[PDB]
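*Asks:* My questions will all concern the structure given below.
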Amino acid sequence: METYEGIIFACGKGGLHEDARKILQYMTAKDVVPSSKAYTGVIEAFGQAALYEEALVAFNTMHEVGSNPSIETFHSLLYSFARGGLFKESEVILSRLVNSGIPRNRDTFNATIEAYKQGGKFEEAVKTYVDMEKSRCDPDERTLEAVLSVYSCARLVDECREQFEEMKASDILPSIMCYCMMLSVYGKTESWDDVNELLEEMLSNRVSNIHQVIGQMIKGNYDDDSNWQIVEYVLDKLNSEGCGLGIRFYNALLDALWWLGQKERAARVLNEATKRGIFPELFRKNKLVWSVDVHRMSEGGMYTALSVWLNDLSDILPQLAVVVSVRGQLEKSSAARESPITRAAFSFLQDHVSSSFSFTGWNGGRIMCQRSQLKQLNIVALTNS
Amino acid sequence: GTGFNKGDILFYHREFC
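These protein sequence lines map, in sequence, to chains G and E.
All letters in the first sequence, in the order written, are residues 420 to 735, 742 to 802, 817 to 824 by the entry's author numbering.
All letters in the second sequence, in the order written, are residues 1325 to 1331, 1360 to 1369 by the entry's author numbering.
Right, here's the structure in full:
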């Protein structure tokens, strides 16, 4: 019992869906009724790798064996649905919570916050923020981080720096997040003076080491073979709190690097993240489908992934090269057509490879390119500013 | 006379939607 739960929790934290699945089958093969905690662990393990259907199947099987859902199971469900931007599943689970009578803690509120942020619903995000402040409870660092990310995404510099100066007044040792999307938002409007004034304080960082390393390497001082090793050890050290934090860290870093003119550095960061285990759904290569998944990424992370995906396509044939802009219930609707992810990907492909990547006549959240259009096709110039 | 001849799948598995 203890060994099964420990292994399953470790796999879920580390995003090892396959190992958790194998443990589940082995322990079910011995006529052992699974507990709620182990089922929650395997569900959250499946959600790390964006395997929503497997997590939903496990959640459905949870009630079959008599294991009732707990608060941790719901927290994992909201976090997994929020990472992918599936806000419809988010409000469905919220309705399930409201009809189950369980009180909503900060986890539900902030999971909804980033679920609407990744889905592009900025107005609903701020509405849910004001509702969170209306009722009760104190937002943690995660809530203000999510609102800073949503403000940076929706071209709001002024509220961004207001929240920045408000949050740093609490002596909280601001994390990699805040700096990363602050560089991103300042690079949105070519605020080179603000970027430099942030970097001047960022470079020293007498307190922590991670900030110093990343601030040195973003400027290009750590690009050498020996000078990238410090970045590699700091990345390895950071790969211990879990893939849930790793995906956010890589998203923020990629957005900052892409929006600061460091396209080659962003490409190399994405390349080193792929072998780590973060973004396991990023690339699929087979005779049938050559796909890139971006529904869990930010705008900056999408552009870096698309840039390196286009370059690999020109090197080489699959029956179809597709872009998974939106994944979830929104696919069978016109709502995903207007989504910021879909329109951003479409505009990027349109201005880079001309009118070759068309939409899908059956799916509302995919960008399509037949093999015939692949036949007629270094495409994206990756340079450091 | 009358005595002659001795006289659950598909549940908890619906579409999430």
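Ideal placement from N, C-alpha and C gives every residue a C-beta, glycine not left out.
(1) Under 8 Å: do the stretch 499-516 of chain G and the stretch 711-723 of chain G share three or more Cβ pairs, one atom per stretch?
(2) Could you work out which residues of chain E lie near residue 737 of chain G, taking near to mean beta carbons separated by less than 9 Å?
(3) Using a C-beta cutoff of 7 Å, does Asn-690 of chain G count as contacting chain E?
(4) Identify every residue that forms a DSSP beta bridge with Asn-823 of chain G.
(5) Hey, is the stretch 658-677 of chain G in contact with the stretch 693-704 of chain G, meaning 3+ C-beta pairs nearer than 8 Å?
(6) Under 8 Å by Cβ, that's how I've got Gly-719 of chain G and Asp-776 of chain G pegged, so tell me the actual separation to the nearest angstrom.
(7) Taking a contact to mean a Cβ-Cβ separation below 7 Å, would you say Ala-671 of chain G touches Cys-579 of chain G in this structure?
(8) Check for me: the alpha helix (DSSP H) holding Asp-642 of chain G runs from which residue to which?
(9) Just how far apart, CA to CA, sit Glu-543 of chain G and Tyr-445 of chain G?
(10) Evaluate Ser-514 of chain G with the Cβ neighbour count: other Cβ atoms within 10 Å of its Cβ, from every protein chain shown; 16 or more gives buried, anything less gives exposed.
(11) Where does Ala-770 of chain G sit, in a helix, a strand or coil, going by DSSP?
(12) For the stretch 678-689 of chain G and the stretch 722-729 of chain G, state whether three or more C-beta atom pairs, one from each stretch, are separated by less than 8 Å.
(13) Using the three-state DSSP reduction, which class does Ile-818 of chain G fall into: helix, strand or coil?
(14) Per DSSP, which one or two residues make a beta bridge with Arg-791 of chain G?
(15) Classify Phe-698 of chain G as helix, strand or coil using the three-state DSSP reduction.
(16) Check the Cβ of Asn-479 of chain G against every Cβ in chain E and list those closer than 7 Å, keeping chain order.
(17) Would you call the CB atoms of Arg-703 of chain G and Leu-742 of chain G closer than 7 Å?
(18) Strictly below 9 Å CB to CB, what residues from chain E border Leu-475 of chain G?
(19) Since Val-708 of chain G is in the beta strand (DSSP E), which residue starts that stretch and which ends it?
(20) Would you decide whether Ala-469 of chain G is buried or exposed? Buried here means 16 or more other CB atoms lie within 10 Å of its CB.
(21) In whole angstroms, what separates the C-alpha of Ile-735 of chain G from that of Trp-709 of chain G?
(22) What are the residues that DSSP puts in a beta bridge with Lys-704 of chain G?
(23) Check whether the Cβ atoms of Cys-794 of chain G and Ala-746 of chain G lie closer than 7 Å to each other.
(24) How many angstroms separate the CA atom of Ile-490 of chain G from the CA atom of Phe-583 of chain G?
(25) Report, in whole angstroms, the separation of the C-beta atoms of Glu-424 of chain G and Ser-454 of chain G, which I expect to be a contact under 8 Å.
(26) By Cβ distance below 6 Å, which residues in the same chain neighbour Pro-765 of chain G in space, the five residues on each side in sequence not counted?
(27) Please look up how many angstroms separate the CB atoms of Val-749 of chain G and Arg-687 of chain G, rounded, as I've assumed it's under 8 Å.
(28) DSSP state of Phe-493 of chain G, grouped into three classes?
(29) Among the residues of its own chain, which have a CB less than 7 Å from the CB of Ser-571 of chain G, if the five just before and after it don't count?
(30) So for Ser-603 of chain G, helix, strand or coil by DSSP?
(31) Where do the ends of the alpha helix (DSSP H) carrying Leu-567 of chain G lie?
(32) For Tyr-669 of chain G, which residues of its own chain have a beta-carbon under 8 Å away from its beta-carbon, when the five flanking residues on both sides are left out?
(33) Please name the residue, chosen from G:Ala-588, G:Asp-613, G:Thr-447 and G:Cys-662, that lies closest to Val-484 of chain G on a Cα-to-Cα basis.
(34) For the stretch 471-486 of chain G and the stretch 516-531 of chain G, state whether three or more C-beta atom pairs, one from each stretch, are separated by less than 8 Å.
(35) Under the rule that 16 or more other beta-carbon atoms within 10 Å means buried, what is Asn-646 of chain G, buried or exposed?
(36) Is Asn-529 of chain G buried or exposed, if buried means 16 or more other CB atoms sit within 10 Å of its CB?
*Replies:* Let me lay it out:
(1) Under the 8 Å Cβ criterion, the stretch 499-516 of chain G counts as touching the stretch 711-723 of chain G, having at least three qualifying pairs.
(2) Since the numbering of chain G jumps from 735 to 742, residue 737 of chain G cannot be located in this structure.
(3) no
(4) G:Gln-681
(5) yes
(6) Going by Cβ atoms, the distance from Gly-719 of chain G to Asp-776 of chain G rounds to 17 Å, so no, they are not a contact pair.
(7) no
(8) First-last for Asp-642 of chain G: undefined, no H or E at that position.
(9) 44 Å
(10) exposed
(11) helix
(12) Yes, they touch.
(13) In the structure shown, the three-state DSSP call for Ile-818 of chain G is coil.
(14) G:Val-749
(15) coil
(16) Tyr-1364 and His-1365
(17) no
(18) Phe-1368
(19) Unbroken beta strand (DSSP E) run through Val-708 of chain G: 708-712.
(20) buried
(21) Cα-Cα distance, rounded: 12 Å.
(22) G:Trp-709
(23) yes
(24) Cα to Cα, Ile-490 of chain G sits roughly 32 Å from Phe-583 of chain G.
(25) 7 Å
(26) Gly-539
(27) Wrong, their Cβ atoms sit about 23 Å apart, outside the cutoff.
(28) Taken through DSSP and simplified to helix, strand or coil, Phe-493 of chain G comes out as helix.
(29) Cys-579, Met-600, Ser-603 and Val-604
(30) helix
(31) 560-572
(32) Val-688, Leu-689, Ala-692, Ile-697, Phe-698 and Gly-720
(33) G:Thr-447
(34) no
(35) exposed
(36) buried
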